[PDB]
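Beneath this line is the structure, given in structure tokens, with notes to follow.
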Amino acid sequence: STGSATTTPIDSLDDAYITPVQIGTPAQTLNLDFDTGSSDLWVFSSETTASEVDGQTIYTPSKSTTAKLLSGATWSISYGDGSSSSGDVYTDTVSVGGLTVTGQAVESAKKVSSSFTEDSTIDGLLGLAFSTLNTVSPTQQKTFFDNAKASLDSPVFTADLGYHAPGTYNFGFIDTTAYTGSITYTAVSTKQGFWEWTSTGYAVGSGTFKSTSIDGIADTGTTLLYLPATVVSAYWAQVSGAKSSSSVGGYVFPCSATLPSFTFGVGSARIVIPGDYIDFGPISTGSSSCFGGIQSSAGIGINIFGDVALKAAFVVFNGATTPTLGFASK
Ligand SMILES: c1cc(CNc2ccc3c(c2)OCCO3)ccn1
Ligand SMILES: Cc1cc(C(=O)Nc2ccncc2)c(C)o1
Ligand SMILES: CNCc1ccc(Oc2cccnc2)o1
């Protein structure tokens with residue numbers, strides 16, 4: 001089997017991407033944030049505290065003839081940015097782009113933090129990291145990909161995120177029309193539960209490539225590119241007026257600037273992020289200071305190849321017996 005679904009930016013800055021997902025019988029379609037950095041499929045629901053729902057579409061398990069309470073199971077998750085959610089668990093039929101899993105754990109939110117309530121466009125998350133990170137207790141649950149894998153034509157999914165435009169998540173096949181050149185595959189460590197790999201270096205604009213190993217994770221659920229402070233300083237030093245602002249929480253730059261590109265290495269291959277992908281617009285409405293899309297990972301504890309990086313590439317998440325990651329230009 002295969003599946004193919006379009007993923008769409010939630011706003012004009014590509015702050016996150018939503019993909020329609022069918023849950024239950026008859027189908028209830030919710031727009032979920034596919035997150036290769038976490039491993040829980042959770043949704044706003046008829047159980048979510050009413051004051052914490054503000055425009056989201058909710059899953060109502062009592063209206064699904066295939067929903068079953070997973071008795072005694074609870075979940076609770078906190079993401080790197082301070083947001084969080086928690087609740088109980090159902091199993092139900094879940095379909096993405098024509099690919100169906102029966103008995104998928106659908107984690108129903110009883111509580112969500114304020115930034116989830118504030119994102120009316122995001123009805124929940126669909127985790128695509130390794131199932132060892134799933135938070136369901138006392139019986140840990142598998143991701144949608146993990147459950148689908150044996151039925152797929154090939155044990156893979158691909159992320160093809162757009163810049164200011166829709167893109168695609170495919171399951172079970174590699175669309176050879178969606179990228180240019182060849183796909184370069186690179187080793188993955190699953191020891192922390194992430195799609196963790198080592199980039200071979202970077203360049204800023206037209207500058208010479210610096211060969212240096214940068215461990216990090218491929219994370220579709222993180223907006224920005226978070227890299228070591230040395231790398232980030234070298235980037236922003238090429239932008240007149242750019243500075244790290246403690247009050248804003250990162251590097252800012254004059255909105256009048258045209259930004260240089262940023263290249264990262266994948267083996268001997270190179271992925272080029274155009275400068276415009278690094279512009280996250282005014283720090284507050286009407287400001288002429290703009291927020292940078294490359295930020296320091298110092299204090300995160302891990303480097304994160306988030307949407308800013310991934311949307312410059314066609315990315316293969318290869319879930320073969322030994323997982324690997326593939327990157328192609330597009
Ligand atoms: C990246 C972007 C966002 C939301 N967008 C956004 C845009 C500009 C900003 C911002 C946030 O926060 C800092 C000030 O400037 C949230 C998380 N990562
Ligand atoms: C500003 C913001 C970020 C998030 C958010 O969900 N973070 C996030 C970060 C990493 N992985 C998954 C999710 C929210 C609700 O608001
Ligand atoms: C959470 N409300 C503020 C807001 C609007 C857009 C964004 O940015 C997001 C949202 C979700 C995930 N990652 C980044 O934050």
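Residue numbering restarts at 1 in every chain; chains get A, B, ... in the order shown in the structure tokens, and ligands count up from 1 in that same order.
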
Go through chain A residue by residue and, counting only C-alpha atoms and all ligand atoms, keep those with an atom at most 7 Å from ligand 1; for each kept residue give the shortest atom pair and its distance in Å to one decimal, ordered by chain and increasing number, as a Markdown table.
```
| residue | atom | partner | partner_atom_place_in_ligand_line | distance |
| --- | --- | --- | --- | --- |
| A:13 | CA | ligand 1 | 5 (N) | 6.9 |
| A:15 | CA | ligand 1 | 2 (C) | 5.3 |
| A:222 | CA | ligand 1 | 18 (N) | 6.9 |
| A:223 | CA | ligand 1 | 18 (N) | 4.8 |
| A:224 | CA | ligand 1 | 1 (C) | 5.6 |
| A:248 | CA | ligand 1 | 13 (C) | 5.7 |
| A:249 | CA | ligand 1 | 13 (C) | 6.5 |
| A:280 | CA | ligand 1 | 7 (C) | 5.0 |
| A:281 | CA | ligand 1 | 8 (C) | 5.6 |
| A:282 | CA | ligand 1 | 8 (C) | 5.8 |
| A:283 | CA | ligand 1 | 15 (O) | 3.4 |
| A:284 | CA | ligand 1 | 15 (O) | 6.4 |
| A:290 | CA | ligand 1 | 15 (O) | 6.4 |
| A:291 | CA | ligand 1 | 15 (O) | 4.5 |
```

Inset, instruction - For residue A:162, please output as number ranges by chain all residues within 10 Å (counting only C-alpha atoms; exclusion window: fewer than 4 positions along the same chain). - result: A: 7-9, 14, 17, 166-168, 307-308, 310-314

Chain A near ligand 2 within 9 Å: what's each residue's closest atom pair and its distance in Å to one decimal, counting only C-alpha atoms and all ligand atoms, ordered by chain then ascending residue number, as JSON lines?
```
{"residue": "A:15", "atom": "CA", "partner": "ligand 2", "partner_atom_place_in_ligand_line": "1 (C)", "distance": 8.2}
{"residue": "A:16", "atom": "CA", "partner": "ligand 2", "partner_atom_place_in_ligand_line": "3 (C)", "distance": 8.4}
{"residue": "A:33", "atom": "CA", "partner": "ligand 2", "partner_atom_place_in_ligand_line": "12 (C)", "distance": 8.1}
{"residue": "A:34", "atom": "CA", "partner": "ligand 2", "partner_atom_place_in_ligand_line": "12 (C)", "distance": 8.7}
{"residue": "A:35", "atom": "CA", "partner": "ligand 2", "partner_atom_place_in_ligand_line": "12 (C)", "distance": 6.1}
{"residue": "A:36", "atom": "CA", "partner": "ligand 2", "partner_atom_place_in_ligand_line": "11 (N)", "distance": 8.2}
{"residue": "A:37", "atom": "CA", "partner": "ligand 2", "partner_atom_place_in_ligand_line": "11 (N)", "distance": 6.0}
{"residue": "A:38", "atom": "CA", "partner": "ligand 2", "partner_atom_place_in_ligand_line": "11 (N)", "distance": 6.6}
{"residue": "A:78", "atom": "CA", "partner": "ligand 2", "partner_atom_place_in_ligand_line": "13 (C)", "distance": 8.5}
{"residue": "A:79", "atom": "CA", "partner": "ligand 2", "partner_atom_place_in_ligand_line": "9 (C)", "distance": 5.2}
{"residue": "A:80", "atom": "CA", "partner": "ligand 2", "partner_atom_place_in_ligand_line": "9 (C)", "distance": 5.5}
{"residue": "A:81", "atom": "CA", "partner": "ligand 2", "partner_atom_place_in_ligand_line": "9 (C)", "distance": 5.4}
{"residue": "A:82", "atom": "CA", "partner": "ligand 2", "partner_atom_place_in_ligand_line": "7 (N)", "distance": 7.5}
{"residue": "A:83", "atom": "CA", "partner": "ligand 2", "partner_atom_place_in_ligand_line": "15 (C)", "distance": 5.6}
{"residue": "A:84", "atom": "CA", "partner": "ligand 2", "partner_atom_place_in_ligand_line": "15 (C)", "distance": 7.7}
{"residue": "A:112", "atom": "CA", "partner": "ligand 2", "partner_atom_place_in_ligand_line": "15 (C)", "distance": 8.8}
{"residue": "A:113", "atom": "CA", "partner": "ligand 2", "partner_atom_place_in_ligand_line": "15 (C)", "distance": 7.5}
{"residue": "A:114", "atom": "CA", "partner": "ligand 2", "partner_atom_place_in_ligand_line": "15 (C)", "distance": 7.5}
{"residue": "A:115", "atom": "CA", "partner": "ligand 2", "partner_atom_place_in_ligand_line": "15 (C)", "distance": 4.3}
{"residue": "A:116", "atom": "CA", "partner": "ligand 2", "partner_atom_place_in_ligand_line": "15 (C)", "distance": 4.1}
{"residue": "A:117", "atom": "CA", "partner": "ligand 2", "partner_atom_place_in_ligand_line": "15 (C)", "distance": 7.6}
{"residue": "A:118", "atom": "CA", "partner": "ligand 2", "partner_atom_place_in_ligand_line": "15 (C)", "distance": 7.6}
{"residue": "A:119", "atom": "CA", "partner": "ligand 2", "partner_atom_place_in_ligand_line": "15 (C)", "distance": 6.6}
{"residue": "A:122", "atom": "CA", "partner": "ligand 2", "partner_atom_place_in_ligand_line": "15 (C)", "distance": 8.3}
{"residue": "A:124", "atom": "CA", "partner": "ligand 2", "partner_atom_place_in_ligand_line": "6 (O)", "distance": 8.8}
{"residue": "A:125", "atom": "CA", "partner": "ligand 2", "partner_atom_place_in_ligand_line": "12 (C)", "distance": 7.7}
{"residue": "A:127", "atom": "CA", "partner": "ligand 2", "partner_atom_place_in_ligand_line": "12 (C)", "distance": 8.7}
{"residue": "A:219", "atom": "CA", "partner": "ligand 2", "partner_atom_place_in_ligand_line": "11 (N)", "distance": 7.5}
{"residue": "A:220", "atom": "CA", "partner": "ligand 2", "partner_atom_place_in_ligand_line": "11 (N)", "distance": 7.7}
{"residue": "A:221", "atom": "CA", "partner": "ligand 2", "partner_atom_place_in_ligand_line": "11 (N)", "distance": 4.3}
{"residue": "A:222", "atom": "CA", "partner": "ligand 2", "partner_atom_place_in_ligand_line": "10 (C)", "distance": 4.5}
{"residue": "A:223", "atom": "CA", "partner": "ligand 2", "partner_atom_place_in_ligand_line": "9 (C)", "distance": 7.5}
{"residue": "A:306", "atom": "CA", "partner": "ligand 2", "partner_atom_place_in_ligand_line": "10 (C)", "distance": 8.9}
```

Selection above as a file: C-alpha atoms, as a short mmCIF file (atom, residue, chain, number, x, y, z; two decimals), in the first residue's frame:
```
data_model
loop_
_atom_site.label_atom_id
_atom_site.label_comp_id
_atom_site.auth_asym_id
_atom_site.auth_seq_id
_atom_site.Cartn_x
_atom_site.Cartn_y
_atom_site.Cartn_z
CA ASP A 15 5.36 28.64 10.92
CA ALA A 16 4.04 25.06 10.72
CA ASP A 33 0.90 18.82 12.38
CA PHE A 34 3.10 15.94 11.18
CA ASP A 35 6.06 15.91 13.56
CA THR A 36 9.15 13.78 12.85
CA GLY A 37 10.51 14.92 16.24
CA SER A 38 7.83 13.28 18.42
CA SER A 78 5.87 18.55 26.62
CA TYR A 79 7.62 19.94 23.56
CA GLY A 80 10.91 21.79 23.35
CA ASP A 81 9.21 25.19 23.18
CA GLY A 82 7.30 24.87 26.44
CA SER A 83 3.97 23.76 24.99
CA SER A 84 2.22 20.67 26.31
CA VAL A 112 -3.74 21.66 26.13
CA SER A 113 -1.43 24.57 26.87
CA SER A 114 -2.19 28.11 25.79
CA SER A 115 -0.17 28.11 22.56
CA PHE A 116 -2.17 25.12 21.30
CA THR A 117 -5.45 26.89 22.09
CA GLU A 118 -4.14 29.95 20.23
CA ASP A 119 -3.37 27.98 17.02
CA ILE A 122 -3.78 22.95 14.25
CA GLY A 124 -3.41 18.00 16.87
CA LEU A 125 -0.08 16.36 16.09
CA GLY A 127 4.24 11.96 15.50
CA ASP A 219 12.34 17.56 12.75
CA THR A 220 9.33 18.64 10.69
CA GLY A 221 7.63 19.80 13.89
CA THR A 222 10.21 22.52 14.62
CA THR A 223 9.89 25.68 12.52
CA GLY A 306 13.62 22.05 11.32
#
```

Legend entry - Contact residues around stretch 266-273 of chain A with only C-alpha atoms at 7 Å, ignoring same-chain residues under 5 positions, as number ranges by chain: A: 184, 186, 199-200, 261, 309, 312-313, 329

Could the residues in this selection be saved with N, CA and C atoms as a PDB file, in the first residue's frame?
```pdb
ATOM      1  N   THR A 184      20.930  11.502  -1.565  1.00  0.00           N
ATOM      2  CA  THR A 184      22.082  11.088  -0.766  1.00  0.00           C
ATOM      3  C   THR A 184      21.599  10.594   0.586  1.00  0.00           C
ATOM      4  N   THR A 186      22.256   8.990   4.425  1.00  0.00           N
ATOM      5  CA  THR A 186      23.184   9.201   5.523  1.00  0.00           C
ATOM      6  C   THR A 186      22.698   8.433   6.751  1.00  0.00           C
ATOM      7  N   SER A 199      25.398  16.072   9.793  1.00  0.00           N
ATOM      8  CA  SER A 199      25.735  16.866   8.626  1.00  0.00           C
ATOM      9  C   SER A 199      27.248  17.010   8.525  1.00  0.00           C
ATOM     10  N   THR A 200      27.734  17.126   7.293  1.00  0.00           N
ATOM     11  CA  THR A 200      29.165  17.187   7.032  1.00  0.00           C
ATOM     12  C   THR A 200      29.709  18.612   6.947  1.00  0.00           C
ATOM     13  N   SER A 261      22.098  32.909   1.364  1.00  0.00           N
ATOM     14  CA  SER A 261      21.722  31.513   1.503  1.00  0.00           C
ATOM     15  C   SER A 261      22.555  30.828   2.590  1.00  0.00           C
ATOM     16  N   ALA A 309      15.267  24.190   7.139  1.00  0.00           N
ATOM     17  CA  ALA A 309      16.198  23.348   6.393  1.00  0.00           C
ATOM     18  C   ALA A 309      15.471  22.320   5.541  1.00  0.00           C
ATOM     19  N   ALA A 312      13.935  23.011   2.019  1.00  0.00           N
ATOM     20  CA  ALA A 312      14.844  23.152   0.892  1.00  0.00           C
ATOM     21  C   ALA A 312      15.162  21.822   0.213  1.00  0.00           C
ATOM     22  N   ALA A 313      14.646  20.704   0.720  1.00  0.00           N
ATOM     23  CA  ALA A 313      15.025  19.380   0.244  1.00  0.00           C
ATOM     24  C   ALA A 313      13.803  18.491   0.101  1.00  0.00           C
ATOM     25  N   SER A 329      18.103  17.631  -3.524  1.00  0.00           N
ATOM     26  CA  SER A 329      17.660  18.949  -3.943  1.00  0.00           C
ATOM     27  C   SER A 329      16.366  18.824  -4.751  1.00  0.00           C
TER      28      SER A 329
END
```

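Atom 3 (C, counted along the ligand's line) of ligand 3 lies 28.6 Å from atom CA of residue A:27.
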
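Minimum atom-to-atom distance to ligand 3, evaluated using only C-alpha atoms and all ligand atoms, belongs to A:293 out of A:227, A:158, A:293, A:138.
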
Inset, instruction - Within stretch 44-256 of chain A, find each residue whose DSSP state, derived from the backbone, is helix (DSSP H, G or I), and express the selection as a ChimeraX atom specification. - result: /A:50-52,61-63,114-118,131-133,144-151,229-236

Inset, instruction - Quick one: pick out all strand (DSSP E or B) residues within stretch 118-312 of chain A from a backbone DSSP run and write them as a VMD selection string. - result: chain A and resid 124 to 127 137 156 to 160 167 to 171 184 to 187 189 196 to 204 210 to 218 225 to 227 243 to 245 250 to 254 262 to 266 269 to 273 279 to 282 289 to 292 294 to 296 304 to 305

Same residues, C-alpha atoms, output as a compact mmCIF listing (two decimals), in the first residue's frame:
```txt
# COMPACT_ATOMS: atom_id res chain seq x y z
CA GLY A 124 -3.41 18.00 16.87
CA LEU A 125 -0.08 16.36 16.09
CA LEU A 126 0.88 13.17 14.27
CA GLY A 127 4.24 11.96 15.50
CA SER A 137 1.30 4.82 29.88
CA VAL A 156 9.59 4.74 4.02
CA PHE A 157 7.89 8.07 4.18
CA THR A 158 8.96 11.30 2.52
CA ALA A 159 8.60 14.96 3.44
CA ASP A 160 8.44 17.53 0.63
CA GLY A 167 3.86 20.27 -0.35
CA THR A 168 3.48 16.54 0.15
CA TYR A 169 3.89 13.69 2.64
CA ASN A 170 4.11 10.31 0.91
CA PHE A 171 4.06 6.91 2.61
CA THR A 184 22.08 11.09 -0.77
CA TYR A 185 21.52 8.75 2.15
CA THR A 186 23.18 9.20 5.52
CA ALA A 187 23.33 7.20 8.75
CA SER A 189 21.14 6.98 15.27
CA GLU A 196 19.36 11.84 14.30
CA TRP A 197 22.14 12.23 11.74
CA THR A 198 25.42 14.08 11.17
CA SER A 199 25.73 16.87 8.63
CA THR A 200 29.16 17.19 7.03
CA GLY A 201 29.39 20.99 7.21
CA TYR A 202 28.05 24.29 5.98
CA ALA A 203 28.58 27.39 3.86
CA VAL A 204 27.19 30.92 4.15
CA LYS A 210 33.48 24.40 6.01
CA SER A 211 33.87 20.66 6.59
CA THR A 212 32.75 19.97 10.17
CA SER A 213 30.45 17.35 11.71
CA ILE A 214 27.13 18.68 13.02
CA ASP A 215 24.95 16.11 14.77
CA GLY A 216 21.27 16.97 14.73
CA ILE A 217 17.74 15.79 14.13
CA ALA A 218 15.43 16.01 11.13
CA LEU A 225 17.02 25.71 11.93
CA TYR A 226 18.87 25.49 15.27
CA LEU A 227 22.65 25.05 14.98
CA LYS A 243 22.38 41.00 16.24
CA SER A 244 21.38 38.55 18.93
CA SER A 245 18.63 40.14 21.03
CA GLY A 250 17.39 35.23 19.24
CA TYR A 251 18.96 36.79 16.20
CA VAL A 252 17.13 39.66 14.55
CA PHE A 253 18.06 41.63 11.48
CA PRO A 254 16.85 44.69 9.57
CA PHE A 262 22.86 28.77 3.87
CA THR A 263 24.22 25.44 2.63
CA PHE A 264 24.40 22.25 4.69
CA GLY A 265 26.26 19.08 3.83
CA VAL A 266 24.77 15.61 3.49
CA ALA A 269 26.18 16.43 -1.31
CA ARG A 270 24.94 19.93 -0.53
CA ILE A 271 21.47 21.35 0.22
CA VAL A 272 21.09 25.09 -0.33
CA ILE A 273 18.56 27.03 1.75
CA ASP A 279 13.25 35.59 6.92
CA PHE A 280 10.52 35.21 9.57
CA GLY A 281 9.28 38.76 9.29
CA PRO A 282 8.73 41.54 11.80
CA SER A 289 13.30 44.40 12.98
CA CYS A 290 12.83 40.91 11.55
CA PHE A 291 13.28 37.52 13.17
CA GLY A 292 15.92 35.15 11.84
CA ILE A 294 18.62 30.28 11.80
CA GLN A 295 19.08 30.37 15.57
CA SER A 296 21.48 28.99 18.13
CA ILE A 304 17.53 20.76 14.98
CA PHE A 305 17.15 20.67 11.20
```

Legend entry - residue A:121 environment, 8 Å, only C-alpha atoms, sequence neighbours closer than 3 positions dropped, as a ChimeraX atom specification: /A:10,18,31,55-56

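Of the residues listed (A:29, A:108, A:49, A:258), A:108 shows the shortest atom-to-atom separation from residue A:62; distances use only C-alpha atoms.
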
Inset, instruction - Do a neighbour search on residue A:99 at 8 Å with only C-alpha atoms, toss out local chain neighbours closer than 6 positions, and write the hits as number ranges by chain. - result: A: 1-4, 171

Inset, instruction - Identify which of the residues A:97, A:72, A:155, A:228 lies closest to residue A:300, counting only C-alpha atoms when measuring atom-to-atom distances. - result: A:228

Legend entry - Counting only C-alpha atoms and all ligand atoms, the residue of A:6, A:28, A:12, A:95 that sits nearest ligand 3: A:12

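When only C-alpha atoms are used to compute distances to residue A:109, the closest of the residues A:58, A:315, A:129, A:94 turns out to be A:58.
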
Inset, instruction - Pick out the residues sitting within 12 Å of residue A:147, and hand them over as a count of residues only; count only C-alpha atoms, and ignore anything fewer than 2 positions along from it in its own chain. - result: 25

Inset, instruction - Identify which of the residues A:183, A:206, A:54, A:40 lies closest to ligand 3, counting only C-alpha atoms and all ligand atoms when measuring atom-to-atom distances. - result: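 Using only C-alpha atoms and all ligand atoms, the shortest distance to ligand 3 belongs to A:54.
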